[PDB]
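Residue numbers (the deposited numbering), protein chains in the order written: chain A, 1 to 182; chain B, 1 to 182; chain C, 1 to 182; chain K, 1 to 175; chain H, 2 to 28, 31 to 175; chain G, 1 to 175; chain F, 1 to 175; chain J, 1 to 121, 127 to 175; chain I, 1 to 121, 128 to 176.
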Amino acid sequence: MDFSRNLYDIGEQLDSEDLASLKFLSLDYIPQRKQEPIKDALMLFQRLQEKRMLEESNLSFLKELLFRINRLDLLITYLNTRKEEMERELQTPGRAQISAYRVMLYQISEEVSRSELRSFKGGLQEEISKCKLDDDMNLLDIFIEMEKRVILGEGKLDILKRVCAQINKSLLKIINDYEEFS
Amino acid sequence: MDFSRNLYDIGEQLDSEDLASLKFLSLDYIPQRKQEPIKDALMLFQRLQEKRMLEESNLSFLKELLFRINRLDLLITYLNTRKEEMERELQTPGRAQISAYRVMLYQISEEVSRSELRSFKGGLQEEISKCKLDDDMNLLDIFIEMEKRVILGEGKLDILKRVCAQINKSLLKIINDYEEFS
Amino acid sequence: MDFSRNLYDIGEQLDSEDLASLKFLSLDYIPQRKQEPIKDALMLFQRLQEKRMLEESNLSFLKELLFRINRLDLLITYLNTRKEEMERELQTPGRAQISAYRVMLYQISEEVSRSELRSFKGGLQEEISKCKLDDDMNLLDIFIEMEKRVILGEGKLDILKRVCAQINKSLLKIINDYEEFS
Amino acid sequence: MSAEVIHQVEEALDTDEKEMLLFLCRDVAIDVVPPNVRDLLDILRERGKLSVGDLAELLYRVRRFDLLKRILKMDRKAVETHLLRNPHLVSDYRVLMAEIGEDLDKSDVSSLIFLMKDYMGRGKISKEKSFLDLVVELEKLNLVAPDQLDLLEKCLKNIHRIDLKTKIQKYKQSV
Amino acid sequence: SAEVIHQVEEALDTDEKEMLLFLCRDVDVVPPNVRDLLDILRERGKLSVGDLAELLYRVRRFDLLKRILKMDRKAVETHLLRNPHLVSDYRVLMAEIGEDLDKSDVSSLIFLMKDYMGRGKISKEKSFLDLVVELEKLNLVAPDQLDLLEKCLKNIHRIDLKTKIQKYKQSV
Amino acid sequence: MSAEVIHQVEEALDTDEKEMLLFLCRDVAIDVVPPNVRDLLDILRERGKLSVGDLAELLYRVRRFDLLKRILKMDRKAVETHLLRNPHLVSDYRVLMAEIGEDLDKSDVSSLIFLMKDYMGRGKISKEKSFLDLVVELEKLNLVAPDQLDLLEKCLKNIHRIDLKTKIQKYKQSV
Amino acid sequence: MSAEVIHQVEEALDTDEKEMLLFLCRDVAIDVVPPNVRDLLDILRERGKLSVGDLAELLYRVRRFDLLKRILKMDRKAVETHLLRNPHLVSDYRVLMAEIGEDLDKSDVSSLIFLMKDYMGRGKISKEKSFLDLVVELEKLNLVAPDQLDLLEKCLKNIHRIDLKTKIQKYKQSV
Amino acid sequence: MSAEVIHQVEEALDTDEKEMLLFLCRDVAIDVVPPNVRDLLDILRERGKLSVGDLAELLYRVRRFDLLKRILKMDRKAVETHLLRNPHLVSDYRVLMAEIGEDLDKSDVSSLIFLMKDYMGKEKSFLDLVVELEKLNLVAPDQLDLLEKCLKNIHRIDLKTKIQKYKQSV
Amino acid sequence: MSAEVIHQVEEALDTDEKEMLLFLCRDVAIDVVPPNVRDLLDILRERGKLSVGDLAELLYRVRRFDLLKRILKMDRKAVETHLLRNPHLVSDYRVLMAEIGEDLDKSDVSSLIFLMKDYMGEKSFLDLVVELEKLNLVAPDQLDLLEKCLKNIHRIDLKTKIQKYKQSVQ
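This is the structure we're talking about:
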């Protein structure tokens, strides 16, 4: 049971915030109902195994997930993969199992502070009730709610650009780079 | 219940900053998953007891931990041990359960003021997002993040030297002494 | 409801500096962990009531604490006790509950100005790190740190006299008087 | 009337006024205790004591006129006239307690819970509680009543506040 | 082809079993037990290797497909593309909707639908599939009309699933 | 009409609705007490009181429109029109009782059985019962009647439920 | 009176009350054990000890007022007056045993049979039996009598139910 | 008395007071554990130990005076006089334990259980802790050394004074 | 000895205590699995394997000293002397398994289940133990799998306990 031991060892090094980041980054393969009861990395790994995405002979998805959340130490320590190999592999078309849209959204979420979060919540109060704009809701929850209310998506980005135009300017540069990726 | 009473008395004198230092000094034996839900020293003592590193017949680790953070009154009062005995015991090879690298990091962390802390934050903007530039973050969290992103490993210290070169020379002296140690 | 009303009336008058002085003067009864969350006189009064040292029948401790901080008006107004009676009670052996060591430390803290404080900070940079020698620190913080590092105590006073000999001689007189009394 | 309007009102309310709404309706439904706003509204609907006018009055009490305009399509003038010419669903004592509680900050509720610590216990007051929780706790021990407010008035006097005492005396004379 | 059915039924989940029963409601009264349903399906001759593989594929349990039935995703995908003998598009869409609603959303749905349904009929702490089958029994949601379901789903501020319905309806 | 349709109806009904069907048919089949639905249907068919219209009315009264559209190939409009211009096999009292039982949940039936456990045998209703079973037990004691409903109204008012009391009053005023 | 009315009354009863009716007539028909309800009723009627009033009392002892009003056309007041003005067909001890059995739930009869398994057969009472069957078994051994209830009182006390013991003591003191 | 009073009492009380009532009534129903307060009150009514006075006293111990003023139509003076005259059901031990557990916050109980963890092996309350200690036959109305010692050890002397007062009274 | 004694024992126990007692008496339930604890006590009584000392041993092995003192009129010293002098009913291996199961938390047992799910095809530790015994993987003489699994989850204290028990048998 070496594989289970390695997976448990990897899961012991992830805290609540990283678990939430992984849960947000794995929306395309785990629906809301299967995602709500998840409170630890072991449940997420079991769910990934059930769909035959993570196994002994297929570690690509786990490597990608651990690379995109920037936890580069676990890759070298346990999975035995350096940064150069992942950087070379990801840029090859057809070898990325996570859409660039989600990565861009998470990168944007990384660059928001508490004051910026409050400004973002105040700006987007037009179409969202104050009950869903509570202090518990972080930026990822706001993005998920916007996706649910079909005001933000792959084809819909004007609202995000307009909202980000007030808080900062480099966010528009990131969005333009993502558009260049298209 | 003399032993439990003694442990409670020792844990009654440790405030938040000393608790954070103690948690940082013991990352080699407590993963982040157990690190997160710790708010009082009693839980840390229980976690240490669960690994047979602290009990009635073995108190070396507690003495080392209380000596490394410069708290000698507790040692002389609730443990009956003086400075010279601890120094001689630590000088003996094979008795240091805490790596010298962690002690060097903690000593560096004690030698930074607020303005120097802001300068250090500014000098590390290259490889770290602006979200960690918050006033809440101390130097220990920066060190933890750098260790996470494999830029402050035990074998790799060039980045730390380059950053510290713009603040003070005593930090470089400490780093050079640590390198001469091993 | 009269006794609690009187306690609240007493607690309203005190300011932040008097609160810090009272917190320092009661270190022998309230540990650091319970000392940290105290931010107002009501919390300290509740802490004292927990240990059964302040109540309707027993009011010696509060009167002594008010007298030791040169607050005679509160003693004569909200406690109905004169200065001479308190001095006579304190002069009785065994009646005083605060050790004279803390009293003389507080008197020395009173007898030091800002420039003298900076000179004291500069004089003991060898045995105390720069972070603990921060500008916001007062003489009481330095005394607490020295007590923690077992360099200043009842049995050890060489460092205190050595440092104080370069500032003023009245402090030496106070130290000699304390030594003679002990 | 329907469930849709109740759901919209519940989801359009923040957590700040939810405690206000729970406390305000204690006298209407005193036999049971509701856990959340939706259950309270459902209980009133089942009991037959909730209608368009009652909901309008409750929304007017909590100072949320925008919800009245958007949802119920009513202005404060009509509901005020109806309140004047019809019996009130909520007593004046509850609205007085709410108004008093909205005029106190965090630096005063601690003083109040310290002053009356003898009657209550340390565990009951360990968490941060608004004035409404203290009023409910006092009412449970039968110390404060709509026709008996001496203790609360004296306690407010002891904390060096006079305007609230004037409001209490004004309500007492209004009886 | 008899003992493997025991392993399959013992390797499933309660909510998975409920979804399986809902999917198999298309093909008589459904037995309360999954084992009895499998036995009846084998008795009728409808049970087959391809049909069972497609049924397990419809619930996203590929680990059991490779573990027990010795089949991969490509083979079952091709077999389904050839012909969907057992299940239809409507039940798949209903399962897809049911799998995308959290506890708060289904609670709000049952609260809203308590209007013209009895309190004991829907009870509480139920899944979206139970509400769907209750509406099917009451005969107000059928593959020909879904306007009431769409309106209720829009009322709870969930428009993406309304798109899903629109796309499915416009597919034909 | 035939036996195959009877069997199909029997197999397509769950356990919960079987009790409702038995309760609704108690008045019509009073000579014997049936233990199962199939025997009751056979007796009604033999007696000549079972027909397409009667079965359609019975299935409409249990809210199973899909079986009407599938087995009997009739929709809601046709059965409603047939019911409007035909004598009612089931009395309005029985359907009112069925509706009241439909509009109650566990948290209320527990209160009812706890409250009215005193009048009847404590061990008689020891097993968990539904509202229909409690109504049957009350009817066995000649306490609730198709013309006498004061006791039921009082019991419903005792549990803080007024809308059902208004429904009872509406039914009383209907006659 | 007639055979048809007796047949209807017999078939109208359920399976649960059949055992009660069999037990209550043990003293009246003591010469021969009754095989079923119909034979017992026929023997009682042919011997002249059963009449309309006796049948009304028997139905009153089982609390079936609906059958009394529907079939016998007699309310509770008439049968109560008839019982008051005529000698009792069933002994007070039998009706007391019936009431005690009714007031006991299955969780308690299990405790009784488990506790008293030692005195009686090891597996004689292993079959699920109500309190009436246990009383009959005890009477078979002549351990409980109308004038001997101390053992039954102790057994009832052994299950922590003192109200039934008080009722037994009240009956003993009254008679 | 009647089922109406019991139903109203069950509806009025919240969860913490229900737990306190269960602990207080644990002594009389020492042989049967009631899962719900409804079952406990039904058992007391069946055993004949529940009356108007006993119910009033039980509600007074939980410190719910509004229920006495509303349901039982009694004031605290009458129930106090009845307690002073008629013997009380719950022992002074149980009310003393309730008094001690009322004044302990959520942090002191954690330290106390950490101190007690030597003798045994999880959001605990002081009532559950004292029940667990009683199950092991360590704290009884005859033996109170452990609780007094540990209460002194965690720097809480007012509770030690309360325990000393209770011991002096008996 | 009498029926009421075992009746009181069955009624006073708790659900977790009932499950632990049912598991701990697995050796003597070879004839049939007892669905209920009262049925198990009946089987033990009728088979001649139950007595005052045996019931005292069972009550002592589940940490219910209050029942020992109140019901059977015994203390800890008496039952310890009885255990020392008279032969044991239940082997120490079951006692060790129960002791280990009393210390593991919910997260720890969940991680253990996840680790061991590879070998096998919510569950408490005792259910995992009985499932492992069903597959003939863990035996009273061989404990390599359990020891390695416990070491892998950083709970080395239970590994020390297992090593001490293993040294005890030799």
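C-beta: ideal position from N, C-alpha, C; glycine also.
query                                                                                                                                                                                          : result
Identify each residue in the region 153-165 of chain B for which the Cβ-Cβ distance to at least one residue of chain A is less than 8 Å, and report them in chain order.                       : none
Could you run through the region 157-168 of chain F and flag, in chain order, every residue whose CB is less than 8 Å away from some CB of chain J?                                            : 160, 161, 162, 163, 166
Could you round the C-beta distance between residue 115 of chain H and residue 3 of chain K to whole angstroms and report it? I think they count as a contact, below 8 Å.                      : 6 Å
Check for me: the alpha helix (DSSP H) holding residue 140 of chain G runs from which residue to which?                                                                                        : 131-140
Does DSSP put residue 145 of chain K in a helix, in a strand, or in coil?                                                                                                                      : strand
Going by the beta-carbon positions, is the gap between residue 89 of chain H and residue 42 of chain H smaller than 9 Å?                                                                       : no
Output, in chain order, the set of chain J residues within a Cβ distance shorter than 8 Å of residue 8 of chain B.                                                                             : 111, 114, 115, 158, 159
Count the other CB atoms within 10 Å of the CB of residue 91 of chain A; is the residue buried (16 or more) or exposed (fewer)?                                                                : exposed
Would residue 141 of chain A pass as an interface residue toward chain K - the criterion being a Cβ-Cβ separation below 9 Å?                                                                   : no
What residue range does the alpha helix (DSSP H) around residue 166 of chain F cover?                                                                                                          : 162-174
Find the residues of chain G that neighbour residue 29 of chain J, judging by a C-beta separation of less than 9 Å, and give them in chain order.                                              : Those within 9 Å of residue 29 of chain J in chain G number zero; the least Cβ separation is about 19 Å.
When you compare the CB of residue 51 of chain B with every CB in chain D, is at least one pair closer than 9 Å?                                                                               : Here chain D cannot be found, since the structure's protein chains are A, B, C, K, H, G, F, J and I.
Applying a beta-carbon distance threshold of less than 9 Å, which residues of chain J neighbour residue 141 of chain K?                                                                        : 63, 64, 65, 66
So what does DSSP say about residue 58 of chain B, is it helix, strand or coil?                                                                                                                : strand
Which runs of the alpha helix (DSSP H) fall wholly inside the region 35-88 of chain B and span at least 4 residues, in chain order?                                                            : 41-50, 60-68, 72-78
Is the region 67-76 of chain H in contact with the region 102-117 of chain H, if contact means three or more CB pairs nearer than 8 Å?                                                         : no
Tell me whether residue 121 of chain B sits in a helix, a strand or coil according to DSSP, three-state version.                                                                               : helix
Just curious, the alpha helix (DSSP H) that residue 5 of chain I is in, first and last residue?                                                                                                : 3-12
If you check the beta carbons only, do residue 172 of chain J and residue 149 of chain J fall under 9 Å apart?                                                                                 : yes
If you measure from the CB of residue 82 of chain F, is any heavy atom of the ligand MN nearer than 8 Å?                                                                                       : The ligand MN is not part of the structure shown, which contains no ligands of any sort.
Name, please, each residue of chain A whose Cβ falls closer than 7 Å to the Cβ of residue 118 of chain I.                                                                                      : 1, 4
If contact is defined by three or more beta carbon pairs under 8 Å, each pair taking one atom from either stretch, is the region 80-98 of chain A in contact with the region 58-68 of chain A? : yes
Look at the Cβ atom of residue 31 of chain H, then the Cβ atom of residue 33 of chain A, and state whether they are nearer than 9 Å.                                                           : no
Within the same chain, show all residues whose beta-carbon is closer than 7 Å to that of residue 76 of chain A, passing over the 5 residues directly before and after it, in chain order.      : 82
Who are the neighbours of residue 16 of chain B on chain C, taking C-beta pairs under 8 Å?                                                                                                     : 36
Terminal residues of the continuous alpha helix (DSSP H) containing residue 155 of chain F?                                                                                                    : 150-157
List the residues of chain G that residue 3 of chain J touches, going by C-beta distances under 9 Å, in chain order.                                                                           : 114, 115, 116, 117, 118
Would the beta-carbon of residue 116 of chain B fall within 9 Å of that of residue 167 of chain B?                                                                                             : yes
For residue 169 of chain H, count neighbouring C-beta atoms within 10 Å of its own C-beta (all shown protein chains included) and say buried if the count is 16 or more, exposed if not.       : exposed
Using 8 Å as the threshold, is the region 139-150 of chain B in touch with the region 150-167 of chain C, meaning 3 or more CB pairs across them?                                              : no
I want to know whether the region 21-31 of chain A touches the region 92-112 of chain A - three or more CB-CB distances under 8 Å.                                                             : yes
In angstroms, rounded to a whole number, what distance separates the CA positions of residue 44 of chain I and residue 56 of chain F?                                                          : 52 Å
If you measure from the beta carbon of residue 171 of chain A to each beta carbon in chain I, is any gap under 9 Å?                                                                            : no
DSSP three-state call for residue 132 of chain A: helix, strand or coil?                                                                                                                       : helix
For the region 28-110 of chain G, which segments carrying the beta strand (DSSP E) assignment without a break, of at least 3 residues, lie completely within its bounds, in sequence order?    : none
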